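In: in the first instance, please consider these chains from the complex; the rest will follow:
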Amino acid sequence: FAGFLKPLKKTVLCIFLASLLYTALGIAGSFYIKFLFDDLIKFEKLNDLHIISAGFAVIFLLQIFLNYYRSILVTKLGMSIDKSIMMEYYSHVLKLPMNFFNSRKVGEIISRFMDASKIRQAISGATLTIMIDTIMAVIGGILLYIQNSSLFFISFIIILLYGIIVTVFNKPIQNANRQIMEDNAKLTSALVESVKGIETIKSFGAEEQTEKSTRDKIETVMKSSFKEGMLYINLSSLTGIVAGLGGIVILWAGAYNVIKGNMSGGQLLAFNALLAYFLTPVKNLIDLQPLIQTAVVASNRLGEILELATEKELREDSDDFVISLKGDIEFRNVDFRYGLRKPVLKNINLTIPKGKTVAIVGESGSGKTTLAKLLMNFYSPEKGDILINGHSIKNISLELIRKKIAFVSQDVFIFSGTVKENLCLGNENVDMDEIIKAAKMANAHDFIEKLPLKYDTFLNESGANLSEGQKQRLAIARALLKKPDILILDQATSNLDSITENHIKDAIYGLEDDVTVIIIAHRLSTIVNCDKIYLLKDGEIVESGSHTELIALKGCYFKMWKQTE
């Protein structure tokens, strides 16, 4: 932020100077009105009155144009800083590991986004008011000091009361602001989650469930909002009391100083205009009380960004100095728990050969996702390690692991946009020949040409038209187009059996076992065709081998095949 401020120092200087001159001329002109009223009655001058009026009008106009240009500049700078900050936050939250994202929901990050944004705009208008109030405080302080000692005492009392009330209401406001932010976050989150699960609830029939949920959320949010609003109105009332009593005191002391022979009536009116130039600042503080809430929101945003900065330094934490392309993958004495108790791996030792197609068969929940996750460094391992290309996974570059290794998810995600792009996610500037070759190999090419707008059909949230089989085939197409050094596939064949049989035959033919292959499938029948197989049982690896040797082994796999196949 400081660097950005430095790169806008000249604009800041222009704004500062313009503000100072504008405020000076403004006070001068209000005192021009004072002298106007004071001179015209004592000396009775019509022409001089007209001329003076014109002059003061001109002064006011110049002041107004200055405040105009200044406000424009400060607004531009403010909004620029806002955009920069928001983008930084979003980017830093994007580069975060799987654990931090899994620990929370979409609603959280989205709520934080919108809230922090609004807080930022509020911060830029607060910024404008801040510049004006600062300059007015300096100028007003000098002018008030010079103009009248007793009036300066009054102004000092007013400023003191204003400050005291403002701070004493400031401390309490931030907390309720945080609470309100939390409530709005929860409500928005429930809204998003309910929106996604629209099909589940519309089909199930439970509308009253989410209705009551949103009712409770809206109720609590309304309660907190009413509390904070009441506090704000209390603050406004107190500051209004200080200001008003300040005015009355100013009028009384003005009359007193007038009749005592200490000051003139024109000095009283001038005291009213310099009162405008001293009280302008405190009113700005009473308006600033709302900015404090935005500042609290900013504290929350910075706390979130501190959290976002966390899992950025862990991706780099293990450093790099390797330049490997594709290695043999072994798991050695692993013992990691993705939770407090009930470890996913109590002991897992596995081995997949370079240039060999491998299959891992286990039911859903056994340990199919964990292997791919551990290889991808999605979830770090607490105890024990793994070896890739004759090197630990910790030392390997995460970007190269990301690009060269492909993971086929059971739940494929497609971001809104053209199908060609959603298919070409990951690798940018990819030749159409490779994408068309992958599409042709994925056996989905027919379902790609069947689309209305060829390849550029709008695909938004599995909409408008989309097949699960075509989707998994598209995932496989992406994995193929990426030219993977390591290929991990879940039970994609299991998603849509018939077309998946053909497309799996085609993909198995295409693979040629030129690289390591992982299977997160439970379908034993589909995995037997593969070259080699590993077995995951009760969180522990049993025996590595082929279907024939494993079945002839007469162990647990043979028991599984006897029990199911």
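Out: Perfect, I can see it now. Numbering: from 1, shown residues only, chains lettered A, B, ... in the order given.
In: every contact and neighbour count from this point should use C-alpha atoms.
Out: Will do.
In: tell me which helix or strand comes right after the helix or strand containing residue A:50.
Out: In the assignment (DSSP states H and E), residue A:50 maps to helix A:46-94. Counting by DSSP H and E, the element after helix A:46-94 in chain order, helix or strand, is helix A:98-102.
In: hmm, back to that, name the helices or strands packed onto the helix holding residue A:50?
Out: helix A:9-43, helix A:106-147, helix A:265-308 (3 or more C-alpha pairs under 8 Å, 6 or more residues apart in numbering; DSSP states H and E).
In: which ones are touching residue A:258?
Out: If a contact means C-alpha atoms under 8 Å, 6 or more residues apart in numbering, then residue A:258 has A:264, A:265, A:268 as its contacts.
In: and the residues you listed as TSV, adding distance to residue A:468?
Out: Shown next, in TSV, are these (distance: C-alpha to C-alpha, whole Å):
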residue	distance to residue A:468
A:264	88
A:265	86
A:268	82
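In: neighbour-wise, which of the residues you listed leads?
Out: residue A:268 (22 neighbours; other C-alpha atoms under 10 Å).
In: can you pull the contacts of that one?
Out: A:251, A:254, A:255, A:258.
In: now swap in residue A:464 and tell me
Out: Per C-alpha under 8 Å, 6+ apart, neighbours of residue A:464: residue A:458.
In: one more time with 10 Å
Out: A:457, A:458 (C-alpha atoms under 10 Å, 6 or more residues apart in numbering).
In: without its sequence neighbours, what residue ends up closest to residue A:496?
Out: Nearest non-adjacent residue to residue A:496, counting by C-alpha to C-alpha, 6 or more residues apart in numbering: residue A:469, 5.1 Å away.
In: can you give me the helices in the stretch 451-565 of chain A?
Out: Assigned by DSSP state H, counting those that start in this stretch, the stretch 451-565 of chain A shows helices spanning A:468-481, A:497-511, A:524-527, A:547-553, A:557-564.
In: need the longest helix for chain A.
Out: As assigned by DSSP state H, the longest helix anywhere in chain A is helix A:208-260.
In: still on that earlier bit, chain center to the helix holding residue A:50, what's the gap?
Out: 30 Å (C-alpha atoms, centre = their mean, to the nearest Å).
In: and what of stretch A:32-42?
Out: That offset, for stretch A:32-42, works out to 58 Å (C-alpha atoms, centre = their mean).
In: pull the residues that contact that stretch.
Out: Residues from elsewhere that reach stretch A:32-42 (C-alpha under 10 Å, 6+ apart): A:26-31, A:45-50, A:52-53, A:55-57, A:59, A:264-273.
In: again, but for stretch A:114-124
Out: So stretch A:114-124 is contacted by A:74-83, A:85-86, A:89, A:109-111, A:113, A:126-130, A:181, A:184-185, A:290-302 (C-alpha under 10 Å, 6+ apart).
In: make it 7 Å
Out: By C-alpha atoms under 7 Å, 6 or more residues apart in numbering, the surrounding residues in contact with stretch A:114-124 are A:75, A:78, A:79, A:82, A:86, A:291, A:294, A:297, A:298, A:301.
In: buried ones in stretch A:219-230?
Out: Neighbour counts over stretch A:219-230 (16 or more other C-alpha atoms under 10 Å) mark A:220, A:221, A:224, A:225, A:227, A:228 as buried.
In: right, I mislabeled it, should have said stretch A:499-514
Out: Buried-residue list, stretch A:499-514, by 16+ other C-alpha under 10 Å: A:499, A:500, A:503, A:504, A:505, A:507, A:513.
In: one step back: quick one: which of the contacts of residue A:258 is nearest residue A:156?
Out: residue A:268 (17.5 Å; C-alpha to C-alpha).
In: from residue A:45, how far out is that closest one?
Out: Applying C-alpha to C-alpha, to the nearest Å, the value for residue A:268 to residue A:45 is 21 Å.
In: likewise residue A:212?
Out: 75 Å.
In: chain B should go on the structure too:
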Amino acid sequence: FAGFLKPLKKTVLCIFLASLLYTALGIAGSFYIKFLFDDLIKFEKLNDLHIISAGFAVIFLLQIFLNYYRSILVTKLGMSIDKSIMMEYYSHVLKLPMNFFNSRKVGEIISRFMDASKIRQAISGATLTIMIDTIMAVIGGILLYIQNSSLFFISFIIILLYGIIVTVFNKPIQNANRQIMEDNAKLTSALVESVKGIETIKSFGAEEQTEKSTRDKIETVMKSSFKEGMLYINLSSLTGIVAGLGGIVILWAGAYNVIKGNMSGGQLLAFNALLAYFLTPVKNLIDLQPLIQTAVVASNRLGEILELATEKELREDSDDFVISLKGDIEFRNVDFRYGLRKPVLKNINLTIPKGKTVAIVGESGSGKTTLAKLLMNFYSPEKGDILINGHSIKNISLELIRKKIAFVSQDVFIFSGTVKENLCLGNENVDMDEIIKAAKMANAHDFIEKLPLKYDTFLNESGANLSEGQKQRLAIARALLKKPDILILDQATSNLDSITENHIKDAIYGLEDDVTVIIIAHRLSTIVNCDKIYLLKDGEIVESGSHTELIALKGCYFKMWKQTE
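Out: Time to bring in chain B:
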């Protein structure tokens, strides 16, 4: 609003009267200050000065307490109305058909939510300032009219200029407001999409894609925001010109009327304070012009929410009062396309028997999910119809169809909450015996007891712990707990092969075919295990029968089995 007025008329009257009287006393006390400075100081009466000052102070205090209580009440009412409206909108968008959900994305509804909310709060502060401005405008108008003709002319000119500028900037503001709303909505949508697909992006490696995307969205949003802000600053500058020139004119004409013998200096000051009691309205209007944008956004939001409430109960226009329990489901000459071209169903003739299990096997893209949607009345059929229990689906009650028919999805969704509740979605106040029996039958009961907090484990998204097999088993468990008159199951077994195999033996044994069964599975053998089978080929039904008869038929199904089995 009318209903709120009826339920709060006395309070509203109290607030209005309090505002009028308070403002009156304010003007009176301001004229007390006028007479104070002009008469008491000039004629030199100290005691009267002190006493008068005290009195006017008291008047001001009473005014302040009145405005306080009024503002509190109006705030409460405002926020209540806000909550009501928001809840109504969300509820009406929840009860909407599948077509509206498919037509848009989460980002849309979420954006509308947040925007309409902020607009509502803005509407309550605009409401407070509006009440004060109205009452003060009436009193100030009368008093100004009586007090001085020329000053009234000045005030009239000021009000005229204010109104003209305000409207002429008002019309243009709403458009830019709509644009800003659209851009911000797009940004929020990109945010939500990025949030859901976090795993997809972490896996793919493409961070620069969403980074540049959100950068562009933020850029356009910043452009529109800066434009609207510039317009607002222009408005503020113009209104400021009107106000300032109004003041200068007031001072000059005041001096003129003073020296002419038409008015006193005290009459001039009183004219300035009653000017404050007329200008109270114009500052409020200047604040209302910025509020006007929020009001426009609220209007757009109301337009968006008004259109959505249509297709919730008007789609059937046939009434209900039907009491079927469980019927036979047949398809007759159906021809519906869920898109402009490429119809999903060109012709569909089918017949499903009461108390009989049916299985339909087809690849990804054939039309089984579309069929299930048609049975659920999720998507209505353009041409042709379907018959249930000797009655059209159009005439049947959608709620009874919702509760009595259960669909097990291939793509499982889990809403945030306790596992017991997520499992007991749909039917409220369900006995624990039925849920435990369904869990025991779903074979997931073991994986339910394996959980840390038994049944009350937190289930939010795919975190912290969740299995696909356990998920589909949970869907089946929910379907069982609902006590369905019609059971539609997708390839749930195909999601997670092994545990689904055991649980399929147990559940298929459990079903006992006491009701109609639909299959959206592609696994031909597992569906072959079922009682009767239907065939979907190229969007048209071929032949209904059993595996033996269909295979022996030597048609297309036999060709399919030759090609795959």
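In: once more on the contacts of residue A:268, with chain B this time?
Out: residue A:254 (C-alpha atoms under 7 Å, 6 or more residues apart in numbering or on different chains).
In: go again using 8 Å as the cut-off
Out: A:251, A:254, A:255, A:258 (C-alpha atoms under 8 Å, 6 or more residues apart in numbering or on different chains).
In: for chain B, what's its nearest residue on the stretch 101-250 of chain A.
Out: residue A:206 (4.3 Å; C-alpha to the nearest C-alpha).
In: any idea how many residues pack against the residue nearest to that residue when sequence neighbours are not counted?
Out: Distance criterion C-alpha to C-alpha, 6 or more residues apart in numbering or on different chains; nearest residue to residue A:206, sequence neighbours excluded, is residue B:426 at 4.3 Å. Close neighbours of residue B:426, defined as other C-alpha atoms under 10 Å in any protein chain shown, add up to 26.
In: what does residue B:426 show for phi and psi?
Out: phi 100, psi -70 (degrees, to the nearest 10).
In: ok, it - contacts?
Out: Residue B:426 neighbours (C-alpha under 8 Å, 6+ apart): A:201, A:204, A:205, A:206, B:403, B:482.
In: give me the neighbour count for residue A:231.
Out: Considering only other C-alpha under 10 Å, residue A:231 is surrounded by 16 other residues.
In: the residue lying closest to it once chain neighbours are set aside - how many residues pack around it?
Out: Excluding the flanking residues, the one nearest residue A:231 by C-alpha to C-alpha, 6+ apart is residue A:173, at 7.4 Å. Neighbour count for residue A:173, taken as other C-alpha under 10 Å: 22.
In: ditto for the one 10 residues further on
Out: Residue A:183 has 21 neighbours, counted by other C-alpha under 10 Å.
In: how close does it sit to residue B:159?
Out: In terms of C-alpha to C-alpha, residue A:183 sits 42 Å off from residue B:159.
In: now do residue A:499
Out: 74 Å.
In: ditto for residue A:363
Out: From residue A:363 over to residue B:159 (counting by C-alpha to C-alpha), the distance is 77 Å.
In: same thing with residue A:512?
Out: Between residue A:512 and residue B:159 the distance is 83 Å, computed by C-alpha to C-alpha.
In: repeat that for residue A:523.
Out: Plainly put, residue A:523 is 80 Å away from residue B:159 if you go by C-alpha to C-alpha.
In: make a markdown table from the contacts of residue B:426 and add neighbour count to it.
Out: Shown next, in a markdown table, are the contacts of residue B:426 (neighbours: other C-alpha atoms under 10 Å in any protein chain shown):
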| residue | neighbour count |
| --- | --- |
| A:201 | 22 |
| A:204 | 23 |
| A:205 | 23 |
| A:206 | 19 |
| B:403 | 20 |
| B:482 | 23 |
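In: wait, which of the residues you listed is closest to residue B:384?
Out: residue B:403 (25.0 Å).
In: residues contacting the closest residue to the closest one other than its chain neighbours?
Out: Leaving aside its sequence neighbours, residue B:403 sits nearest to residue A:205 (C-alpha to C-alpha, 6+ apart; 6.1 Å). For residue A:205, the contact set (C-alpha under 8 Å, 6+ apart) comprises B:399, B:402, B:403, B:426.
In: quick one: residue A:205 and residue B:237, what's the gap?
Out: 55 Å.
In: cool, and residue A:34?
Out: 24 Å.
In: and residue A:384, backbone torsions?
Out: According to degrees, to the nearest 10, residue A:384 has phi 80, psi 180.
In: any idea how far residue A:532 lies from residue A:372?
Out: 17 Å.
In: more neighbours: which of the two?
Out: Set residue A:532 next to residue A:372 and count neighbours by other C-alpha under 10 Å: residue A:372 wins out with 23 against 19.
In: and that one, what element?
Out: Counting by DSSP H and E, residue A:372 is part of helix A:368-375.
In: report whether that helix contacts chain B.
Out: No. Helix A:368-375 stays clear of chain B (C-alpha under 8 Å from any C-alpha of the partner chain), getting no nearer than 9.7 Å.
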